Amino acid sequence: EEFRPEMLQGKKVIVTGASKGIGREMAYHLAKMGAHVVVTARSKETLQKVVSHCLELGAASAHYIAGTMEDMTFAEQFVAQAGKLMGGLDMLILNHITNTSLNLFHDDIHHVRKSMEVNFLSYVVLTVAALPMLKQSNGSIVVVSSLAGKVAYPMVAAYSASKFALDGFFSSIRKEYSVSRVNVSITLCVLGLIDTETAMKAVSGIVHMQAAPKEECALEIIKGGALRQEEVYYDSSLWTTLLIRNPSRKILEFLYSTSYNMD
C-alpha cells in the first residue's frame, strides 16, 4: 500500500538535529501532517523557532528539549522525557551529526572519537532508551546516513567510519529483530549531496555536484519510515541511486541466513 499523509496523523515522533537542515525540514512535514513532535539539538534559540512554526503548521503538539548528544546521560534522559510528554512514541528519527569540515585526516583522533560518539554511539543509546515504547506501538526507527556510509570518499574519513558503523550495527539488529519477532522497523537512509546550509558551506569550496532539495529529502525519509522500508536512497542523480543498491550483499545475507540456529 502507497504512502498517505494520514499515516503520521497524531503519531508521536522524535526528530534529532531538528534545529536546521534536513532535521528541521522533517519536523515541518510532520507538523503539517498533524503529528506530535519533540525536536532536539544543542541550541535552544533555534529550537524555539522550529517549535513555533511547527505549531503554525498544524502539529498536534510540538516541544523541544535541548542538549548535546556527546552526553549519553542526556541522550538517555531526553528519550524518557520526550516519551512521557507525548504519552508514548511511534517513530524515532535519528539525524544529528557532530560539526565536521572537509579535510585530509591528519592526527585528529579526538575528532574520529567525537564522530563515533555523536554520530554512532548516541544513536545506539537513543534506541535502547526508546525500544520499550517502540515495542508497545510496534513503531519504527529511522537512521539517516550518507553515500559516504556506503562507499569510500576522501576528505570525510572520521565521518565515513561512523556512518558505515551505523549500517553495520543497525542492519545486524534488524536481522536480530526479525527472528526475535520484535515488531519495530529499522530504516536506513542513504543520502547524496543535500542543499542544507552546513553541507553547502562545507563542500561548495572543494568538490561540486548537484545538491538535491532538503525539503524533498526530508519528505522521502519520513515516507520510507512510514512504509517500514529497509533502505531509502536519495540523490539528485538517478544513476547514483541505481548504483547504490547492493544485490550481492543481499545474496550473501540470504545465503548465510540459514547457517545459524537461534531461539
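Between two forms, the rigid core is the largest collection of C-alphas that superpose within 1.5 Å. Numbers for residues come from their place in the sequence shown, where the first is 1.
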Between stretches 234 to 242 and 44 to 52, more displaced by Cα RMS in 7 other deposited structures of this protein (rigid core superposition): 234 to 242
query: Taking the other compared PDB entries with both flanking residues modelled, is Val207 unmodelled in at least a third?
result: yes
task: Output the stretch having the higher mean C-alpha B factor in the entry; the candidates are 21 to 29 and 251 to 259.
output: 251 to 259
statement: The stretch carrying the higher mean Cα B factor in the deposited entry, 81 to 89 or 121 to 129, is 81 to 89
statement: In this crystal structure's PDB entry, the residue among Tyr153, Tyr159, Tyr177, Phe169 with the greatest CA B factor is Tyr177
- prompt: When the modelled residues of the chain are sorted by Cα temperature factor, does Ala148 land in the lowest, middle or highest third?
  reply: lowest
task: Tell me, lowest, middle or highest third: where does the Cα B factor of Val39 rank within its chain?
output: lowest
task: Grab the CA temperature factor for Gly67 from the record and place it in the lowest, middle or highest third of its chain.
output: lowest
- prompt: Going by the entry, which third of its chain does the Cα temperature factor of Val184 land in?
  reply: middle
statement: Entry-reported C-alpha B-factor of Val15 relative to its chain, by third, is lowest
